[PDB]
Amino acid sequence: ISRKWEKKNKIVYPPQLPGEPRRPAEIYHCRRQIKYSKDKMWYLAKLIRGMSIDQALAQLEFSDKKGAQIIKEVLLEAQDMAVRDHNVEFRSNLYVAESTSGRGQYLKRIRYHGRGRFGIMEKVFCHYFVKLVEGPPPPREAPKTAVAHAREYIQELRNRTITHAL
Amino acid sequence: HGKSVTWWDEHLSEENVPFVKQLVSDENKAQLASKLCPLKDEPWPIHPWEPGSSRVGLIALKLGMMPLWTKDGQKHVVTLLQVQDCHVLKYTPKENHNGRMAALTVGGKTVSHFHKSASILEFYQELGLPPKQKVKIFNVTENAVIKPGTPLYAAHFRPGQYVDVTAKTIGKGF
Amino acid sequence: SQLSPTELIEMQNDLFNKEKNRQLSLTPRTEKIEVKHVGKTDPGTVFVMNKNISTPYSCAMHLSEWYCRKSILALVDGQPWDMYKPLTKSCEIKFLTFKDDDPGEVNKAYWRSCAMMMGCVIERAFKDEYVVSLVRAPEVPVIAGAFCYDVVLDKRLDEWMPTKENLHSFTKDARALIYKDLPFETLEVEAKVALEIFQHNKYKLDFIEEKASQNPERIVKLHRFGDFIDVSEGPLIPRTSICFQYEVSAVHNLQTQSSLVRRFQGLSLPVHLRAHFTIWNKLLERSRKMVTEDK
Amino acid sequence: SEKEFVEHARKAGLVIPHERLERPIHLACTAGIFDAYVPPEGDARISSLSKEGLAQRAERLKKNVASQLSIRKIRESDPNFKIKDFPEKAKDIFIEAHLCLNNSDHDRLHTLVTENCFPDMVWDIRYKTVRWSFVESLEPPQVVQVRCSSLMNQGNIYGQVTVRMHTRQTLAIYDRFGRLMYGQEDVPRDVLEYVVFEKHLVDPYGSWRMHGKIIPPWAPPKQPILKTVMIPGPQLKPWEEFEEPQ
Amino acid sequence: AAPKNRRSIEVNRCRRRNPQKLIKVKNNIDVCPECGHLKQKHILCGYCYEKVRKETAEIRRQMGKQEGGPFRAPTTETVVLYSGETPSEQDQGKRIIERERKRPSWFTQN
Amino acid sequence: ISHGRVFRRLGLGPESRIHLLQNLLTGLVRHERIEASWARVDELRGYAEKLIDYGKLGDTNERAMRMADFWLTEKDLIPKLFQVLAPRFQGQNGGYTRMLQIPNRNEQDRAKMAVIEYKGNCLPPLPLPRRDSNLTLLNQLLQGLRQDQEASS
Ligand SMILES: [Mg+2]
Ligand SMILES: [Mg+2]
Ligand SMILES: [Mg+2]
Ligand SMILES: [Mg+2]
Ligand SMILES: [Mg+2]
Ligand SMILES: [Zn+2]
């Protein structure tokens with residue numbers, strides 16, 4: 001197996017010089033060996049990517065999936081560690097930077113079909129990885145406007161050169 | 001800014017909801033009564049009928065079916081089309097609509113203001129009439145144009161005539 | 001005096017910043033204040049917060065982002081209190097939203113905030129060669145359908161009245177100001193410094209004097225957002241973006257024996273309490289009428 | 001197909017294995033402090049005068065019978081033991097222990113402080129950055145009392161020496177993220193404590209190890225935290241009603 | 001029918017990352033003015049409903065303890081009171097339930 | 001094509017659906033407030049409304065007698081229906097039952113659940129959705145409109 005998301009939270013940074021901007025705190029957390037499915041957890045993880053922790057908890061409270069409760073407990077635990085261990089004031093000033101789901105060790109069983117035939121059943125297990133960063137959530141990227149499209153088009157025409165000329 | 005959805009009944013109180021309903025109902029009654037006399041406000045000039053001319057239609061409500069017997073003893077079946085609220089909404093000129101015949105837009109039965117879009121409500125606000133359910137376009141000739149906001153009545157068709165009926169049929173699904 | 005309007009704005013901001021620096025330098029150390037939460041939702045909550053630095057907005061951020069999004073006003077143990085005004089002593093805090101059982105204080109705060117916003121729009125929507133002096137913001141109840149601001153224009157503006165296009169432009173400037181988020185900041189100053197802050201508007205000086213006359217300690221409540229400084233009673237809303245619907249309804253020229261004052265009346269509703277299109281048109285039609293309530 | 005998980009971690013202790021040890025656990029020190037010295041509440045004003053502090057701190061050392069018998073037992077157990085040469089060694093040990101915690105040099109910290117003292121100075125700080133320095137000493141360290149605990153079952157004598165220290169220290173505890181957390185590194189804040197050293201007398205080596213770290217009850221409170229702290233209330237179940245204490 | 005070729009990861013991602021299959025965000029979420037917990041605008045508050053359900057369960061348990069049989073149902077109206085209460089003139093003549101708990105704030109006399 | 005259908009399909013058929021509704025109605029009459037699936041409670045709402053109307057016809061009405069005998073499976077509820085529910089619903093025309101959607105079931109099925117309750121029962125009041133007070137900004141502006149309208153006449 002591999003365990004690096006748990007050790008990613010033990011790194012110590014050098015002291016900041018007087019005058020440097022305050023670097024936001026990062027908190028890594030993970031839940032290992034969840035009975036719920038990999039792609040199904042990926043759906044919930046993609047749901048709460050980039051929003052605030054409070055909004056993610058609100059969405060997971062009324063999400064009907066089985067993994068919604070697991071992700072909500074994971075987020076609550078991560079917030080608790082951020083408040084207690086790290087010097088994270090403003091416990092509502094965290095946003096989910098990364099939220100992914102991977103696969104774990106599966107179980108192989110026999111699923112009978114008939115006529116003496118069988119298939120291999122994979123009892124699935126998944127791991128959930130989350131990262132909370134101090135600060136307001138980043139703004140969502142808006143679609144490119146017509147002015148920007150025209151600017152880019154003009155730039156592509158201006159960047160032309162006479163190929164195989166000289 | 002994750003703004004939530006808001007309807008017209010969410011932030012109102014038990015005392016103001018009937019007040020709002022009455023304030024909309026009386027305005028709609030007054031607006032419908034204002035257009036009840038179109039020929040005396042500012043009628044557009046009426047042109048003489050030409051053999052190549054076409055006429056505007058209506059938007060009625062299908063009530064039901066009835067039997068009807070003829071003087072020769074035969075039995076026909078008639079369908080009931082009730083003209084509740086027909087008003088001319090907008091007028092599109094010939095060259096800006098098709099280049100051959102102008103278009104008059106006609107509205108149907110009145111609906112509520114609280115479930116229409118902002119642009120539709122703005123259009124009906126500038127028109128001076130309450131919103132309509134079904135809005136259709138009729139291709140008419142240039143000599144049969146009528147000022148928008150004019151009401152239409154079921155006596156527009158006379159006993160003995162042939163009409164064409166357009167509607168969405170009973171949808172039986174997949 | 002030969003002073004550009006941008007120079008006046010710069011001087012006002014600089015002197016306000018100096019007063020703020022004096023206020024923070026008044027406290028040399030960071031004292032810990034124990035603030036109780038007396039709200040209906042979470043009783044017994046304790047906040048160990050910094051003296052003269054911490055704010056009820058920071059208290060709400062400690063609680064949850066829902067409190068920050070909903071709560072407009074703070075009740076510090078006996079009085080309304082804006083979100084961006086630092087706390088002074090140990091106390092108890094109760095948060096107040098728009099949809100509370102008795103939201104009158106929040107309604108008044110939003111009312112004065114909208115009046116100050118409209119005055120900010122007016123003072124800078126006029127040409128430089130003409131003179132504009134803001135008198136005050138007449139506090140009329142929420143019963144009245146429009147918030148009023150008193151403006152004295154140049155002597156040659158007494159003939160014309162702003163039309164639908166001018167009201168349209170005023171509304172556009174108000175919405176542009178709404179679009180950018182500008183926090184409301186409350187500073188407690190004295191009359192001796194308020195006079196030198198304004199120094200130009202005779203009506204504003206008279207208002208400052210009459211507001212300081214009732215106060216034995218001669219304390220003037222000043223509010224500042226962006227580049228606009230004005231004096232008003234009580235607290236204000238924390239953020240500009242709270243105002244969602246905004247309209248400059250009408251203008252009414254009231255003539256006195258000394259001068260003529262334009263009462264600019266406008267209508268606004270917040271993000272939480274937005275109404276339907278027809279309801280908003282009805283409210284605007286009502287707000288078109290005269291509003292007269294000074295005492 | 002028949003496969004199951006393994007590695008279920010549980011910590012289950014029973015008295016049978018805790019009593020069936022072939023060898024007893026070797027302890028380099030005792031559990032805590034036996035006799036805690038309660039200082040008079042007037043030291044804060046007494047220390048402002050030189051002789052009015054030193055004369056009293058000399059008299060109370062000699063007039064106590066328990067302290068004198070303890071020091072006599074220490075002399076008879078180990079020669080070349082002098083009280084007059086103790087405070088300088090204690091101050092040096094204090095300075096070196098603080099520098100060791102600054103360095104995160106756990107080996108030398110282990111050699112200096114004892115087993116009951118190391119965890120209390122490593123637990124909450126092993127994940128942070130410390131910048132501690134020594135600048136001055138307003139008052140020399142004064143030996144207050146000496147106590148000895150003798151346990152006859154193993155024939156083990158543990159001697160503890162209490163030294164009152166008035167120190168001028170500058171402390172700056174940083175973050176694992178490098179941001180300032182506790183205090184500034186240039187402020188020379190004054191502090192007053194009572195350090196309790198322990199040394200096993202039966203052991204031939206017998207290093208002087210710091211054991212306890214006593215603060216007076218009337219001492220001024222520590223400096224406020226730079227951050228803001230929220231204290232949650234009692235989590236209320238739906239079927240229970242809140243009661244406001246008055 | 002059997003598949004002809006293995007579908008690549010590009011096709012798989014384009015299929016199962018479409019917005020139709022993604023979970024939609026719910027914008028009807030609001031907080032309960034009574035207890036401060038989360039609830040939907042068209043759905044009763046879970047916390048307050050749980051309080052009411054537990055109180056109803058206790059009341060029903062007591063009123064069924066009053067009736068020692070399964071088919072012994074009162075033929076008159078019923079009234080529940082808490083410690084420190086007395087039946088009024090308009091509440092007399094009905095079956096009575098007495099609880100040791102004090103009257104809750106949400107439960108009104110009426 | 002299910003145009004013009006008012007009865008939804010429940011249970012193992014029409015008779016099983018009727019039996020399920022009968023059990024739900026018996027429970028509702030016995031306990032004065034029950035909870036079930038949203039569809040089941042929605043369908044039971046009309047039957048509970050009609051049962052009170054039938055009980056209001058009087059005890060001596062043989063048709064209502066046999067209707068109650070069929071529906072109320074527990075026979076001790078028929079006297080209760082005819083002497084508690086019917087007498088207390090006299091001035092009311094059709095406001096006999098109140099239905100509210102509760103959060104989804106905590107079980108894995110996550111069903112859409114509703115609660116139905118006879119009005120005027122001896123149970124703690126549910127957290128009904130209360131409208132805003134008239135002291136709100138919007139409602140106060142509406143009160144100003146109402147005052148102007150009243151003064152205009
Ligand atoms: Mg077989
Ligand atoms: Mg497989
Ligand atoms: Mg295979
Ligand atoms: Mg169909
Ligand atoms: Mg079925
Ligand atoms: Zn609630």
# chains A, B, ... in the order shown; residues from 1 in each chain; ligands from 1
call {"tool": "interface_residues", "arguments": {"of": "chain F", "to": "chain B", "cutoff": "7 Å", "atoms": "only C-alpha atoms", "output": "VMD selection string"}}
result
chain F and resid 1 131 to 134 139 142
call {"tool": "residues_around", "arguments": {"residues": "region 64-79 of chain C", "least_positions_apart": "6", "cutoff": "7 Å", "atoms": "only C-alpha atoms", "output": "ChimeraX atom specification"}}
result
/A:54,92 /C:56-57,91-97,106,237-238
call {"tool": "residues_around", "arguments": {"residues": "region 107-119 of chain D", "least_positions_apart": "6", "cutoff": "12 Å", "atoms": "only C-alpha atoms", "output": "count of residues only"}}
result
39
call {"tool": "residues_near_ligand", "arguments": {"ligand": "ligand 5", "cutoff": "8 Å", "atoms": "only C-alpha atoms and all ligand atoms", "output": "ChimeraX atom specification"}}
result
/F:9-12
call {"tool": "residues_around", "arguments": {"residues": "residue 49 (chain C)", "least_positions_apart": "3", "cutoff": "8 Å", "atoms": "only C-alpha atoms", "output": "number ranges by chain"}}
result
C: 32-35, 54; D: 228-229
call {"tool": "residues_around", "arguments": {"residues": "residue 110 (chain A)", "least_positions_apart": "6", "cutoff": "7 Å", "atoms": "only C-alpha atoms", "output": "VMD selection string"}}
result
(chain A and resid 118 to 121) or (chain D and resid 1)
call {"tool": "interface_residues", "arguments": {"of": "chain C", "to": "chain B", "cutoff": "8 Å", "atoms": "only C-alpha atoms", "output": "PDB file with N, CA, C and O atoms, in the first residue's frame"}}
result
ATOM      1  N   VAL C 271     -30.799  41.707  -1.317  1.00  0.00           N
ATOM      2  CA  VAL C 271     -30.709  40.425  -2.004  1.00  0.00           C
ATOM      3  C   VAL C 271     -31.662  39.400  -1.407  1.00  0.00           C
ATOM      4  O   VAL C 271     -32.214  38.572  -2.141  1.00  0.00           O
ATOM      5  N   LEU C 273     -34.602  39.993   0.262  1.00  0.00           N
ATOM      6  CA  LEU C 273     -36.009  40.383   0.190  1.00  0.00           C
ATOM      7  C   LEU C 273     -36.392  40.943  -1.172  1.00  0.00           C
ATOM      8  O   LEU C 273     -37.194  41.877  -1.256  1.00  0.00           O
ATOM      9  N   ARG C 274     -35.838  40.407  -2.254  1.00  0.00           N
ATOM     10  CA  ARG C 274     -36.217  40.876  -3.578  1.00  0.00           C
ATOM     11  C   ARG C 274     -37.653  40.477  -3.895  1.00  0.00           C
ATOM     12  O   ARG C 274     -38.126  39.403  -3.513  1.00  0.00           O
ATOM     13  N   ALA C 275     -38.352  41.362  -4.597  1.00  0.00           N
ATOM     14  CA  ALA C 275     -39.759  41.187  -4.922  1.00  0.00           C
ATOM     15  C   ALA C 275     -39.917  40.833  -6.396  1.00  0.00           C
ATOM     16  O   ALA C 275     -38.957  40.832  -7.173  1.00  0.00           O
ATOM     17  N   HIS C 276     -41.154  40.532  -6.780  1.00  0.00           N
ATOM     18  CA  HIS C 276     -41.461  40.254  -8.173  1.00  0.00           C
ATOM     19  C   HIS C 276     -41.413  41.545  -8.988  1.00  0.00           C
ATOM     20  O   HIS C 276     -41.343  42.653  -8.452  1.00  0.00           O
ATOM     21  N   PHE C 277     -41.445  41.386 -10.313  1.00  0.00           N
ATOM     22  CA  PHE C 277     -41.364  42.536 -11.208  1.00  0.00           C
ATOM     23  C   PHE C 277     -42.551  43.473 -11.016  1.00  0.00           C
ATOM     24  O   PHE C 277     -42.381  44.689 -10.871  1.00  0.00           O
ATOM     25  N   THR C 278     -43.767  42.920 -11.000  1.00  0.00           N
ATOM     26  CA  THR C 278     -44.955  43.757 -10.850  1.00  0.00           C
ATOM     27  C   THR C 278     -45.006  44.411  -9.476  1.00  0.00           C
ATOM     28  O   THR C 278     -45.396  45.579  -9.351  1.00  0.00           O
ATOM     29  N   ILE C 279     -44.619  43.674  -8.432  1.00  0.00           N
ATOM     30  CA  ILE C 279     -44.590  44.249  -7.090  1.00  0.00           C
ATOM     31  C   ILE C 279     -43.587  45.393  -7.028  1.00  0.00           C
ATOM     32  O   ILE C 279     -43.846  46.434  -6.412  1.00  0.00           O
TER      33      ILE C 279
END
